[PDB]
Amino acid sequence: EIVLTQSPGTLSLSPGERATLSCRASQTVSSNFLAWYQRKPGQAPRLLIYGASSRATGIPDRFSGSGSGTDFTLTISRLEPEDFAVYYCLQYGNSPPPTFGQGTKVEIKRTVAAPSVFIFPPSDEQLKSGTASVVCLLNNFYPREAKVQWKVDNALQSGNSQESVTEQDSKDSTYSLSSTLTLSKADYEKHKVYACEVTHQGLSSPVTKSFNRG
């Protein structure tokens, strides 16, 4: 039972630059039966490579495959805008079971963008239901790696926040994140100042956005 480990985690290169994807097998893939699939978000996987070197019919020339034994590579010469998706490598030499890789997402490379940080107290409409949800928004940042920490009276909050991130924006190719702090209202009236601290590459120093219950 081969495991198909894809070495690149997130391939981050600008359009047209050379994309190199490494796919390693635990054991030798017999007769080099390796295939490459590209799944665009919300679509079915497409056939791109079989025989580890032969291109599927109708697939753009820039897609290439090579390798042998336990090492196979997917090469995209000119990174077309459509070539930003997830890629899987599949084995069918030592089957069954035909095992798949864990996949790598190919993202787009732009300049560092600082996140616009906003903080939203829970509304009085929510302040009737018995729960308080404070929202912290980071808008239009890159890279995605960003630490969001919540302070209630400057005390670090653990295990009370949930984070959500969007995919790449179609216009400015940035990411957007929210942290939702959910506590019972008693906690919200047990403390005064609510601070959101953001740690990002584009910030020379973390910015804290805060408010008081008033």
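A residue's number is simply how far along the shown sequence it sits, counting from 1.
Worksheet entry | Residue stretch of maximal mean CA temperature factor, 100-108 vs 76-84 | It is 76-84 that shows the higher mean C-alpha B-factor.
Discussion item. Averaging CA B factors per stretch from the PDB record, which one is higher: 89-97 or 122-130?
Written reply: In the deposited entry, the stretch with the higher C-alpha B-factor mean is 122-130.
Discussion item. Using only the C-alpha B-factors in the record, can you name which of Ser184, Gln168, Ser31, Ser178 has the highest?
Written reply: Comparing C-alpha B-factors across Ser184, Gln168, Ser31, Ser178, the maximum falls on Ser184.
Discussion item. Per the entry's Cα B factor values, which of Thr70, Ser54, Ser173, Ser164 stands out as the maximum?
Written reply: Checking the PDB record, the top C-alpha B-factor among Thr70, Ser54, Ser173, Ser164 is at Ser173.
Fill in: CA B-factor ranking of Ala155, expressed as a third of its chain
Top third by C-alpha B-factor.
Fill in: Third of chain Cα B-factors occupied by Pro41
Lowest third, going by the recorded CA B-factors of the chain.
Worksheet entry | Record-listed C-alpha B factor of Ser14: chain third | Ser14: CA B-factor falls in the lowest third of its chain.
Worksheet entry | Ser64 - Cα temperature factor, lowest/middle/highest third of chain | Within its chain, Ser64 is a middle-third residue by C-alpha B-factor, going by the deposited values.
Practice prompt. Please place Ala114 in the lowest, middle or highest third of its chain by C-alpha B factor as given in the entry.
Written response: It belongs to the highest third of the chain when residues are ordered by C-alpha B-factor.
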